[PDB]
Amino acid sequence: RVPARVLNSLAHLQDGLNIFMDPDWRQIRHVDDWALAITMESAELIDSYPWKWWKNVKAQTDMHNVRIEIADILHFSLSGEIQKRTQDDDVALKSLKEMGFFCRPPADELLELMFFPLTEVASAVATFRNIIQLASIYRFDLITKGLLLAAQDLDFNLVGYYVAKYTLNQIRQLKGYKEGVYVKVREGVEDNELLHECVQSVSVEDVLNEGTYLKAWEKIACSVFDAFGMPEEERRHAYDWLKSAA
C-alpha cells in the first residue's frame, strides 16, 4: 500500500493548489472547513447510490462517478491533514469504536471501518458514513488512507489521476491557457480522457514506490504538459514543487 512519504508529497501538492487561490490559506481556513467539505462531498457520493429504501430502483450506481467523487474528497482530506498539523487522539478513536459509533453493514485501525466491495450499496453506505465520522473527529489521515483503499477496491489509480489533475491545473493557472495560446494537440478530446491516457503511461506500482515515485509522477506531469501545450519554460515551477521533500 501507500508509504508515508507518498502521502506527504500528495499533501504537498494540495498545499500548492490551495496556495494559488489563497497563499495565506493555512491562516484563514480551519479544520472545521475541511471536515464540513468532506461531509458534504461524502453525502454527494452516497447519493449516487440507491440508498433510499422506499424508492424503486431503475439503474445501478454509476461507478465512474463514484471514482471521481472519491477524488473530489481527497483534495479536502489532504487539506485537512495539512491544517491539522498547523496545530488544530488514538486513545479517543478506539473508545469511539467501543462506544459503537462507527457503523457497519447489516447481517489499520481503519480496516474495520472500510467495507468492500463498493459496488454494493450497504458496503458503500457504511464506508462513507464512516468517512463522515472520521471527518467529524479530524482524522483526515485515516480518511486519506481510506480513500486510497477505496480507489483500490474500484481498480482506480487515484494517485496517478491526482497527479495528472495537479498538473492540468498548473497549465490552467497561466494566462496563456485562458488566452488560448496553450492548446490540446488533439482537439476535441475531452479533458478526463486526455488525463486518463496520461495516467496510462505509468503503472500503479510506479506511482506508489517509496524509492522512485517522484520519477513516475514527473512522467505523468510531462505527459499532461505535452498533451495540453505547455512549453518547456513554464513547466519548471511545477516540477520543482513536485520534487520538494517532506
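In case it trips you up, residue 1 is the first one in the sequence shown, and so on.
- Unmodelled stretch separating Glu120 from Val121: none (count of deposited-sequence residues without coordinates).
- Between 190-198 and 35-43, the higher mean Cα B-factor belongs to 190-198.
- A summary of the deposited B-factors shows that, of 95-103 and 146-154, the stretch with the larger mean C-alpha value is 95-103.
- Of all the options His30, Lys215, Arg67, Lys58, the entry's greatest CA B-factor is assigned to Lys58.
- In this structure the maximum Cα B-factor among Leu74, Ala164, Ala135, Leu110 is found at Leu110.
- When the modelled residues of the chain are ordered by C-alpha B-factor, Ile19 sits in the middle third.
- In this PDB entry, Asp141 carries a Cα temperature factor that places it within the lowest third of its chain's modelled residues.
- Placement of the Cα temperature factor of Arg129 within the chain: lowest third of the modelled residues, per the deposited record.
- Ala238: CA B factor lies in the middle third for its chain, per the PDB record.
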